[PDB]
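> Below is the sequence, then the experimental coordinates.
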Amino acid sequence: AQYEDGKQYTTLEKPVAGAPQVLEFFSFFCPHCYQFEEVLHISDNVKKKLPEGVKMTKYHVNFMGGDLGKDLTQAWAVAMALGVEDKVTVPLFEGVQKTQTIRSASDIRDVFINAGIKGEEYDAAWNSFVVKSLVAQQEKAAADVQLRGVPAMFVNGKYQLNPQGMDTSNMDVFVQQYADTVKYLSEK
């Protein structure tokens, strides 16, 4: 076939019921995740080819960057609760990987302040039980597929994208293959 299990995707041994339709995992410490966000705009190109009625979910993970990795998962929960993902994603990636100016929770906080979220509003979110549960959801989703690497994408809790089995001479071609693969799995 043109799309083959073990080539552009793999199938989970143990499917996950009730899972988000399109579920993406990343870390601000993850170098390919940086590429996926800033150079390839994967999430965006996937969305544009996804059918209507389909929601996309993106979660942060703990297993990179130790203590700061965890702070970053809580900050992404904050971002999700306030709906400010699209204003903090780039400065978080660059602060962690490019300028290396994020070294503490306070520095993560500075990124939000500079993006215009109010101190009072950020700290209230940071400490809220709504953010606690949102952190819990991020962890449980990763645990459900026993995630040990990012970037990662899962479609309907059953299929996992396999970018290693796609061509990388051309960044544009890679992205479309990736997105078309998501769509095919979507329709499966």
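Received, thanks. Residues are numbered from 1 along each chain as shown.
> in the chain, which spans are strands?
Residue ranges of the strands in the chain, as given by DSSP state E, are 9-11, 22-26, 56-60, 152-155, 159-161.
> any chance of the ones you listed in a markdown table, with mean neighbour count too?
Every C-beta, even on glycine, is put in place using the N, C-alpha and C of the backbone. As requested, these are exported to a markdown table (neighbours: other C-beta atoms under 10 Å):
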| stretch | mean neighbour count |
| --- | --- |
| strand 9-11 | 16 |
| strand 22-26 | 23 |
| strand 56-60 | 21 |
| strand 152-155 | 24 |
| strand 159-161 | 21 |
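> Show me the one of those strands that comes nearest residue 125.
Closest of the strands of the chain to residue 125 is strand 56-60, at 15.0 Å (criterion: C-beta to C-beta).
> Give me the helices and strands touching the closest one, please.
strand 22-26, helix 42-47, helix 66-82, helix 129-144 (3 or more C-beta pairs under 8 Å, 6 or more residues apart in numbering; DSSP states H and E).
> which of the ones you listed is buried the deepest?
Each of these was scored by mean neighbour count; the highest is strand 22-26, a mean of 23, by mean count of other C-beta atoms under 10 Å.
> what's the angle between that one and strand 56-60?
Angle, strand 22-26 to strand 56-60, by axes from the mean of the first three to the mean of the last three C-alpha atoms, to 10 degrees: 20 degrees.
> re earlier: just send the strands of the chain back as TSV, with distance to residue 131 too.
TSV is the format used below for the strands of the chain (distance: least, C-beta to C-beta, whole Å):
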stretch	distance to residue 131
strand 9-11	32
strand 22-26	18
strand 56-60	12
strand 152-155	23
strand 159-161	28
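> Of all the ones you listed, which one is nearest residue 128?
strand 56-60 (17.0 Å).
> Quick one: residues contacting residue 24.
42, 43, 56, 57, 58, 59, 151, 152, 153, 154 (C-beta atoms under 8 Å, 6 or more residues apart in numbering).
> Just give me the closest of the residues you listed to residue 167.
When the contacts of residue 24 are compared against residue 167 (criterion: C-beta to C-beta), the nearest one is residue 42, at 15.1 Å.
> Excluding covalently adjacent residues, which one is nearest to that closest one?
Of all residues not flanking residue 42 in the chain, residue 36 sits nearest, at 4.5 Å (C-beta to C-beta, 6 or more residues apart in numbering).
> can you check residue 109 too?
Using C-beta to C-beta, 6+ apart and skipping the chain neighbours, the partner closest in space to residue 109 is residue 122 (6.2 Å).
> which residues sit in contact with the one you found?
Here residue 122 is in contact with 78, 82, 109, 112, 113 (C-beta under 8 Å, 6+ apart).
> Residue 141 contacts residue 59, doesn't it?
Yes - with contact defined as C-beta atoms under 8 Å, residue 141 reaches residue 59; the gap is 5.6 Å.
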